Amino acid sequence: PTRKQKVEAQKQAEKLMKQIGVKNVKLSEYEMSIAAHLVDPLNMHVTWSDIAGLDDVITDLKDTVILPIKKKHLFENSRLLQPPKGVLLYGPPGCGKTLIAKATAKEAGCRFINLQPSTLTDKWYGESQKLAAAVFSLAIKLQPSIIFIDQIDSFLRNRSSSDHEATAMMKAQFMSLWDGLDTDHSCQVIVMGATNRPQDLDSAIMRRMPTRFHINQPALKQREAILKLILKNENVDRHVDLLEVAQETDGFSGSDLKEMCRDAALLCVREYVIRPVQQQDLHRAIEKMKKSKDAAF
Amino acid sequence: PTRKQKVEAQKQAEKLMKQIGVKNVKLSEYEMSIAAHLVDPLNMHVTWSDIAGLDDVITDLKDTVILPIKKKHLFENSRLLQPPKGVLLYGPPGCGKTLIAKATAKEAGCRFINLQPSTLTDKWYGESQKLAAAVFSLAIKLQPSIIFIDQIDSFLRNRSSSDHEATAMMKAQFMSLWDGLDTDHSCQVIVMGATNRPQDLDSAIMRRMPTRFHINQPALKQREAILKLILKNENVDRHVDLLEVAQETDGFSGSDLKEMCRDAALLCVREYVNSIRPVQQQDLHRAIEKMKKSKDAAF
Amino acid sequence: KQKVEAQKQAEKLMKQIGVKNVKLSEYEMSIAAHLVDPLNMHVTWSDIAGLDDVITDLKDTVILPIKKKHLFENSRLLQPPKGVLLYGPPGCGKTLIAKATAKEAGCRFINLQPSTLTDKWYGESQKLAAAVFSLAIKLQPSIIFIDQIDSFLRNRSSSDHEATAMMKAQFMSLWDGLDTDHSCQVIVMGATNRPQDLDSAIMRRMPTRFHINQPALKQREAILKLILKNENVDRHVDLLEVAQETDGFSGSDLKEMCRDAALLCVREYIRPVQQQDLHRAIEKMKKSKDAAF
Amino acid sequence: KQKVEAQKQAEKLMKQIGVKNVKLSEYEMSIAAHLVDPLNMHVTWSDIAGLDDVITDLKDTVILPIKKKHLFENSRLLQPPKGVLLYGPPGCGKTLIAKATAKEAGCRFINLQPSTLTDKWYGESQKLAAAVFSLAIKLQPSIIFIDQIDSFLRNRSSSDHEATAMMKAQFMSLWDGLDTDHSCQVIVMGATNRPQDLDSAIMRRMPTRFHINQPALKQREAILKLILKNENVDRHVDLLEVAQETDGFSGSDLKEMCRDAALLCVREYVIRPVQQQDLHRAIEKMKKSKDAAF
Amino acid sequence: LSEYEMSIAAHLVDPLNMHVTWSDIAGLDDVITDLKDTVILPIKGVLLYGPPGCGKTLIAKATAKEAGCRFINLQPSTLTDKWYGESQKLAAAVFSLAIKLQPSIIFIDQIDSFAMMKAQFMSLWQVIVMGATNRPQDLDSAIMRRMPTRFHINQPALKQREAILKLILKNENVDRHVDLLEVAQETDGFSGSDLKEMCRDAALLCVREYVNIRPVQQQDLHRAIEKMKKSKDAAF
Amino acid sequence: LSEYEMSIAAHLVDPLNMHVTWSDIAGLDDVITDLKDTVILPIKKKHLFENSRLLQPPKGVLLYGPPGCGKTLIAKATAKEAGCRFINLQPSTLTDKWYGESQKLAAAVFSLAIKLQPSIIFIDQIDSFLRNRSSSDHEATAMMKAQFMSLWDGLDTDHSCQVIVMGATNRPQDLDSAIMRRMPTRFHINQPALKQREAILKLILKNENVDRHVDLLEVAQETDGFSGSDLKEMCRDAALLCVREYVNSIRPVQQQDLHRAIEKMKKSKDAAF
Ligand SMILES: Nc1ncnc2c1ncn2[C@@H]1O[C@H](COP(=O)(O)OP(=O)(O)OP(=O)(O)O)[C@@H](O)[C@H]1O
Ligand SMILES: Nc1ncnc2c1ncn2[C@@H]1O[C@H](COP(=O)(O)OP(=O)(O)OP(=O)(O)O)[C@@H](O)[C@H]1O
Ligand SMILES: Nc1ncnc2c1ncn2[C@@H]1O[C@H](COP(=O)(O)OP(=O)(O)OP(=O)(O)O)[C@@H](O)[C@H]1O
Ligand SMILES: Nc1ncnc2c1ncn2[C@@H]1O[C@H](COP(=O)(O)OP(=O)(O)OP(=O)(O)O)[C@@H](O)[C@H]1O
Ligand SMILES: Nc1ncnc2c1ncn2[C@@H]1O[C@H](COP(=O)(O)OP(=O)(O)OP(=O)(O)O)[C@@H](O)[C@H]1O
Ligand SMILES: Nc1ncnc2c1ncn2[C@@H]1O[C@H](COP(=O)(O)OP(=O)(O)O)[C@@H](O)[C@H]1O
Ligand SMILES: [Mg+2]
Ligand SMILES: [Mg+2]
Ligand SMILES: [Mg+2]
Ligand SMILES: [Mg+2]
Ligand SMILES: [Mg+2]
């Protein structure tokens, strides 16, 4: 009688299941365990507005994912007006991919679940395959839901003969149960995949996500917008030309700008020990971050 | 008394096997555990008509692998004219591999069973080999049946030193029970599988499936045909130059063309949902550009 | 209950194979169920073609110690081997030879089916492994067969279950150790696709090794002529011609090629093969043989 | 399984560190064995010289949010920086700065010891790495120190063991993934000797970046002053004079040369201070030995 | 011997069953002549490692009963049972039996392969235990100590190969002037069990020839050499 | 010492099993003298220097130079005449296929280092074991190297455990950057010169018979670029002629066979060129 950590995690999984609010569906062992990673929508504090700079991609994702979910009774007659199985957001590191994912987990219904591949792989034999199958069994049992695989470039890597038989069979069972013999028809089971290097993801799984949204490094206008958002609620001195700094931070990403502004606010509060930012601390922060960014060279 | 979850699998498999329709065959513990995976033909909504673009392959599969199951009155005389003990489909990912088997499950009127390799593996000691045995036992028990294994290569990979003793033992038991000592009398049992990396399948299991079908990457004409297939029920209007749009999408596979058409239809319905309109080759040709930009991402 | 089915099956088969009543208490009885009936499988030496010298050598070296044993009783060294191994490329007669031997060799044949040896319960595996050799000498002469011996008896390593590694020493000690190899005539023959990782110890217990090469031109011609025997093949067909073009082809591959030709002929629904449908099939396989490449 | 003795050992350690009661199932317990008690450390801010701007910025950025936290709960933008790392040439302070932060910042600083994560059994390493963040948020405010993070989290390449890729991917995901990045206050810090091939995403994961450099002329005089405070240095020994001769040397090799020159006074006794001459001879010999390699 | 000591004595092989003697160990007489002064002399562990075959279990079978007093072989399978892990009891009862018949040598074939009962056996550890294994690589750390003497039964060399070969043809008819030294020179990597099969194939070459009663004129020896050479080249 | 510490202690060399002493170390006597004051002396008078903070023994000593000339010898000598139980690491006996093993085996080494103080460690062919850090290599190798470095510098200062790692390399040109820093007290055991030939022939000829009138300066002059091991290897060719002269029937070498040997070894030395 080994592998009895399922009851301890199962207590919390049932607690969270009751918290979210579901019908009397009863998971047995493995999907019951995977239910532990279910994320409550209220916990997420990020809405659609918090994602700034890029709105075309946001509108596309909305109209192509959430719209099929809502008023689904108007699209079943059409054979191919259902949400695609697999949406993957790609691009350079950062730039709000995980932010978009967190936003979707709240303002989309479609009870959200994070996979966290670590939980799948297990020590005992023939125990990780059970979890891999339970993932989709759950996705279709408490339907409708969305699955998230953070950093999907490593877990579902490009298949090779060198990988362990267990992990290879795991990523093959994923493919089989995704759109295989018995699932394709209609289950509104859509996986959402974050990726910083989509080239090494796969060739088959690359197609299993027909919808790929590019998340590029913020440009001039995008940078200005994302910085305007960050300083929306914070206090700054008057007549601060926000656009002017966009040129100074030519190649900065979203998080780089966030840190640039945060370090300036911290410099202000340190000078206190409650002072409006005079935009000179911002320039000093840009100059200081330019050196740290040029770490490799 | 451990591993008593066989009660739920027993109930499920018994109900499914009674639904599919069979005689009072006796299956006790493990054949029952595997019987839970039987796929009922009525559930499948795809047929030979839904599969298009490839006709020669479809005709060859309809004549060589299924007609022997139908024309049993003609092959009891000839020993060399029995059906092949295994046929596999290989090629690039997509374009009907997992769909041809879905159509077969319905059309061939067999006792199609989806193996789902995951069910074979078990944490307890020795259960994997016994389930591997029960698989073929049931197969011969309710012949004529077809066993399907999606991603055969990932499951039945090349034999190496770095594999668990149970997995290798079960993989060798498959080889021994499929065509080894006691088999191939008639048994009408054919094991087919689908894969996209056939080169790493095995040194000899490839021979265990002598007949193999290659699903070519969609070329121009079959691409146009499969696209016209999808564009028959929708509200697509006339004067759509199907040939040109099909020629534009060169490297596209079948699922990629399906996604392109779906995205074009959704773009078209955006206009209505904002406030029911034909796709007059413009939104289609423009969504082709979006799908092209989306494809050129691994570089 | 497992033991009830064991009772039925092993009592039916043991009595059907014509062995005088012996006491197979619990586990020897359980393994007796795997006994193969000499009548069921029907593959004679004539079915084996191409490799005539190898099959003759096997026939002699294995049967003559068993049959005509009276001539060999006075000798202490000329007795049936305590181990045989038939390796080589896949297919091409290995399990075919194994099947044929089980019929025209006497020496009641018992397949091992390694799967049955494993058991989740404690102690069942080792007890079954011992009961195998117990039964083998209980009803001698007997042949033991382990298909894909390389996988079952894989190279000993650290990454193996304690019971699967205990049965290794069990087998090794009971095969030719302290209480065997006197007057038992228990020959253990095995077949394997890959001889690389068989063993270092078990490899020694199977000294006699008959290697069945990939059928060459003449052996390919012979094996191909063999298959086209019952069906209505059209005369004037040059088997040597197709043999020339089937260089890389294997035995089972040629079997499937003939099957495809015959099924193509039947598609024209009662025609004899006139070497043109054979050409179609061989062209198809030459185009497709490089499935990996 | 060896986690029974590991739990027994980590018991005395965790409870010894003045903790709030928490239950650790199996893995967070295994990682708790790496806690470093503040009293065990014997390094403070005063033990560091030559770089006062860098350590002042370090405190201003990391300790100012931690300490006097009652002034930042009203603002969502002023939180401690996640992933503060200190790069630069080998030696000269990095690990010593980490120890100083560990001792003089409280917040139950913990070392990672990346070797403990690797395990032969399948699924062990991936599930163990999550226990790190689990314990960290369990007993926050905490610090996770990836010593020599250059090797642990390298630039992701196509060819790598299935274990390491999943390991670093789960690291990045648990860092700032779906359910994280709030007032938990967890702050990782790494001390790499080479920032060339650390990562592309992990680099962004670390916004704050400190530059520990080879001590300059003034910094070298400062560290030389600090070195011989406990020792009885001679009178009229110009530390600035020897700082010039020791141009390229870093801090550690300078401490070495100092110990070597000091041992000579003992050699002459086996007990007088160093009158600026033994220092010169020792630094000459050490320069020759350093340039002897090439 | 109430319950378990009887279960163990059930494996008590008899001296009359043994069929080996010192002459049967041909060529490897130096190791067994060094033995007596080492082991047989004290009475009137001991582990024998080496390559697969070539006298290990042969040397174990010889001196087992003809020398010593009523020794017993364990064959660890005897320990593991179906019920709730009673092995420990047996593991103890075994040594109990050992004190009954002072002395009785204990044999453990393939000791390398041979949970809690394992530690109990290690702990309980009069006679010197004899453990024969094909690989001393990873036998154990604690077990290796209890066995201080380790006789390396090496792969027979040229002279040793010829010595072991001449024994196989002692009571079997062969041709005169057969160069045993030459055939031994031919076989380089052969073991004793392999020379056995080679000479047996050579003799069968004559038996069959008669079947279709004759000495071996070294032609069948050469044929068996050429055949077993390819036979050995299986893994490679 | 549960599992790994025992695996490493299995390499513990016994002091009495080393037949080398300082009297058997010639040609460079300044090096062994510096060894006394820089390394042995801290270990000596330990009751004296506990008060001194920065005068404790060193951690990491490196002896580089072209092959031979005593790189290998002094090590065992340092273990014999100074106590301080010594262990050779056998760098090749570290790596294994099993995942996560090498890391634990290595950590066990530095554990053995401290729980058996005062313990020296010797890393032969450190270049081979700890080759220059490279961006492109087996992740396991770089991980092991970084773990070794961290545990070396990790929690050793202020502990006064007296662990003095020592590494020898034929070429220090591309050893490392940080690892080289880890071994500060580099000892330049260097190719000796004409003066050393006498020293090397002394220890070898003292036991056997060699007639007088054999000018040591002559054997030093006939060869100028020979190493420490090369001079011993050359004396072999000469001694063998004299030894053989009797077998074809116990004689001293009258400075002549040395000439033939030096000539033959000059010819052989001219092999690559
Ligand atoms: N458009 C935006 N508006 C506001 N903040 C942003 C935006 N884009 C990025 N950020 C900042 O970046 C951080 C999120 O980083 P992000 O989720 O993009 O990392 P990531 O690269 O997606 O992670 P991973 O590598 O695991 O995919 C947040 O703290 C947020 O403040
Ligand atoms: N000829 C076709 N007609 C209609 N749809 C098609 C065709 N070929 C592919 N598709 C589309 O592709 C999808 C099925 O993908 P497919 O079965 O080809 O993947 P696969 O490569 O078989 O997967 P696996 O790698 O598991 O074998 C379906 O949704 C279907 O709409
Ligand atoms: N010499 C032959 N004569 C007739 N048929 C042959 C011959 N060799 C192979 N075959 C064909 O090959 C099939 C048998 O394959 P075979 O028994 O050689 O597989 P195997 O390689 O022994 O199996 P495994 O790989 O498990 O050892 C039969 O259907 C038979 O028609
Ligand atoms: N500013 C300083 N003040 C006092 N000691 C110093 C200073 N800089 C360097 N040292 C000396 O250097 C040694 C510490 O080395 P350091 O921590 O710089 O190694 P490191 O190269 O940072 O390690 P890693 O390679 O893992 O980053 C101490 O013994 C200390 O005496
Ligand atoms: N010196 C010898 N004289 C005669 N026969 C020998 C000799 N050495 C080996 N043999 C032959 O080898 C066979 C015995 O093999 P052996 O007892 O060496 O196996 P083993 O290696 O002990 O088994 P395990 O590997 O299980 O320990 C006998 O049949 C015998 O004929
Ligand atoms: N400069 C020297 N330092 C130490 N030993 C020397 C020196 N010159 C000659 N020797 C003698 O040479 C012997 C060691 O030979 P060595 O040069 O180490 O050969 P190898 O390099 O092949 O090991 C020692 O016994 C030592 O007495
Ligand atoms: Mg992210
Ligand atoms: Mg598919
Ligand atoms: Mg076979
Ligand atoms: Mg440091
Ligand atoms: Mg033996």
# chains A, B, ... in the order shown; residues from 1 in each chain; ligands from 1
>>> select_by_dssp(residues="stretch 41-213 of chain C", states="alpha helix (DSSP H)", output="JSON, numbers by chain")
{"C": [52, 53, 54, 55, 56, 57, 58, 59, 60, 61, 62, 63, 64, 65, 66, 69, 70, 71, 72, 94, 95, 96, 97, 98, 99, 100, 101, 114, 115, 116, 117, 124, 125, 126, 127, 128, 129, 130, 131, 132, 133, 134, 135, 136, 137, 138, 149, 150, 151, 152, 162, 163, 164, 165, 166, 167, 168, 169, 170, 171, 172, 173, 174, 175, 176, 202, 203, 204, 205]}
>>> interface_residues(of="chain A", to="chain B", cutoff="8 Å", atoms="only C-alpha atoms", output="PyMOL selection string")
chain A and resi 1+63-64+78+80-81+124-127+129-130+133+161+164-165+168-169+172-173+176+180-182+198-200+203-204+207+210-214
>>> interface_residues(of="chain F", to="chain D", cutoff="9 Å", atoms="only C-alpha atoms", output="PyMOL selection string")
chain F and resi 37-38+41-42+52-56+58+64-65+98-101+103-104+107+135+138-140+142-147+149-151+153-154+158+171-174+177-178+181-182+184-188
>>> closest_atom_pairs(of="chain B", to="ligand 3", cutoff="8 Å", atoms="only C-alpha atoms and all ligand atoms", output="JSON lines")
{"residue": "B:172", "atom": "CA", "partner": "ligand 3", "partner_atom_place_in_ligand_line": "26 (O)", "distance": 7.6}
{"residue": "B:175", "atom": "CA", "partner": "ligand 3", "partner_atom_place_in_ligand_line": "26 (O)", "distance": 5.2}
{"residue": "B:176", "atom": "CA", "partner": "ligand 3", "partner_atom_place_in_ligand_line": "26 (O)", "distance": 4.9}
{"residue": "B:179", "atom": "CA", "partner": "ligand 3", "partner_atom_place_in_ligand_line": "23 (O)", "distance": 6.5}
{"residue": "B:180", "atom": "CA", "partner": "ligand 3", "partner_atom_place_in_ligand_line": "26 (O)", "distance": 5.4}
{"residue": "B:181", "atom": "CA", "partner": "ligand 3", "partner_atom_place_in_ligand_line": "17 (O)", "distance": 7.5}
{"residue": "B:184", "atom": "CA", "partner": "ligand 3", "partner_atom_place_in_ligand_line": "29 (O)", "distance": 7.6}
{"residue": "B:204", "atom": "CA", "partner": "ligand 3", "partner_atom_place_in_ligand_line": "25 (O)", "distance": 6.6}
{"residue": "B:205", "atom": "CA", "partner": "ligand 3", "partner_atom_place_in_ligand_line": "25 (O)", "distance": 7.9}
>>> write_last_selection(atoms="N, CA, C and O atoms", output="compact mmCIF listing (two decimals), in the first residue's frame")
# COMPACT_ATOMS: atom_id res chain seq x y z
N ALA B 172 8.78 -7.36 -25.28
CA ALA B 172 9.18 -8.63 -25.88
C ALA B 172 8.04 -9.63 -25.89
O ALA B 172 7.91 -10.45 -26.80
N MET B 175 6.02 -9.01 -28.93
CA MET B 175 6.64 -9.63 -30.09
C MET B 175 6.39 -11.13 -30.12
O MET B 175 6.09 -11.70 -31.18
N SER B 176 6.50 -11.79 -28.97
CA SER B 176 6.38 -13.24 -28.93
C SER B 176 4.94 -13.69 -29.14
O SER B 176 4.70 -14.73 -29.77
N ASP B 179 3.44 -12.88 -33.34
CA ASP B 179 3.76 -13.76 -34.46
C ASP B 179 4.67 -14.91 -34.04
O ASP B 179 5.24 -15.59 -34.91
N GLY B 180 4.79 -15.19 -32.75
CA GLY B 180 5.74 -16.18 -32.27
C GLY B 180 5.25 -17.61 -32.34
O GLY B 180 4.76 -18.06 -33.38
N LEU B 181 5.39 -18.34 -31.23
CA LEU B 181 5.19 -19.78 -31.24
C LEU B 181 3.77 -20.15 -31.64
O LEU B 181 3.54 -20.77 -32.69
N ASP B 184 -1.08 -17.18 -35.63
CA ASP B 184 -1.16 -17.23 -37.09
C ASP B 184 -1.67 -18.59 -37.57
O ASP B 184 -1.08 -19.21 -38.46
N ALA B 204 12.80 -4.64 -35.86
CA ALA B 204 12.01 -5.76 -36.33
C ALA B 204 10.51 -5.58 -36.18
O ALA B 204 9.76 -6.17 -36.97
N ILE B 205 10.04 -4.81 -35.19
CA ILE B 205 8.60 -4.59 -35.06
C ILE B 205 8.05 -3.96 -36.34
O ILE B 205 6.88 -4.13 -36.67
>>> residues_near_ligand(ligand="ligand 9", cutoff="7 Å", atoms="only C-alpha atoms and all ligand atoms", output="PyMOL selection string")
(chain B and resi 176+180) or (chain C and resi 94-95+147-148+191-192)
